[PDB]
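Take a look at this one chain, the form deposited without adenosine (ADN), written out in structure tokens.
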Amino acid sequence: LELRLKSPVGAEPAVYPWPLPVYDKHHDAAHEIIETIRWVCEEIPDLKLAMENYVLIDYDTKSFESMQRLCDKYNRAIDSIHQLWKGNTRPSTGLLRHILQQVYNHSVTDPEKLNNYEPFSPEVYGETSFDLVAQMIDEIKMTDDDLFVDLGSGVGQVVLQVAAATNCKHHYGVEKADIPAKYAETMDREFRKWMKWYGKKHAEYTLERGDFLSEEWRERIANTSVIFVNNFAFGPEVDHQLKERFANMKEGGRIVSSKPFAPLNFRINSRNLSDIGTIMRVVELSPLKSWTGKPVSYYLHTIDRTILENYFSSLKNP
């Protein structure tokens, strides 16, 4: 009582039990199977030739026999292609969206347990966050010298997306809450397994449980080159403590957030020398400035102590 999908790169097969797991009101494992097959067919043109036309539309998700026949036809077509080949790149954006959703559906079995009613919740990642994170990746252009940290990483979705798209030395996700941090452990295993199944490359990453406001995390923030933080619902105290942590970052250190940490129009004077605006540039970025999603904006902060230095030089030399 199971369905098996052979890996296009010879990794362990994907095994699903029957009856197939139900994900949410509108998605299930049956549709994930058909979409997986269709993605592999795009990835391998020979496979599309080896597979008969009708097979990827003439199926019945409510029938074991029909689902088994679909799986069989794909498995046999993958077998002939492996026969032809007898004789590790980053995933495309479309495949990655599919992989992240697949990883989530296999990891977060109980969605009520998450208790996230907020916008940008793990449950709606594909609809809201995925495209926005992709636009953010294109805008900040990270290299192998960069270290990326998502402060309050939930189930680790942003970290997985960034690790699958960039060549940062390392990507970290830190989450305090027990339930998301526990789900993140499964997300991590499911992501590595599925990426191996597709034969797709990703950078090194770590998902960990912890408080980003802890003593251990003070020096970790100071050594981070790119911080991602959804500070939208942060209270003044968490916001205050975070600014203190950012104050130890290196020149050129960057912070990508949902609310700015300093005003966009900050003008250094004698009365505001204690403000974070004295040591960081801030710009409002928006995909609307070929975006067709929500009219969102995000904030890029760049550590630059010359703001403070130029002010002191202006006072000594008028």
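Numbering starts at 1 and follows the sequence shown.
In what follows, reference is made to the form solved in complex with adenosine (ADN), a form of this protein that is not presented.
- In this form the binding site remains open, since adenosine (ADN), overlaid from its pose in the deposited complex, puts no atom within 2.4 angstroms of a backbone or C-beta atom.
- Comment: adenosine (ADN) is not present in this chain, but in the deposited complex one of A177, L147, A165, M195 has a heavy atom within 4.5 Å of it, namely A177.
- Checked against adenosine (ADN) in the deposited complex, the residues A203, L213, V226, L95 give one hit for a heavy atom within 4.5 Å, which is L213.
- Listed stretches are 167-175, 195-203, 218-226, 72-80; the contact stretch with adenosine (ADN) in the deposited complex is 167-175, by a heavy atom cutoff of 4.5 Å.
- By the criterion of a heavy atom within 4.5 Å, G154 is counted among the residues contacting adenosine (ADN) in the deposited complex.
- Proximity of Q102 to adenosine (ADN) in the deposited complex falls outside the 4.5 Å heavy atom cutoff.
- Heavy atoms closer than or equal to 4.5 Å to adenosine (ADN) in the deposited complex belong, across 230-261, to the residues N230, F234, ordered by sequence position.
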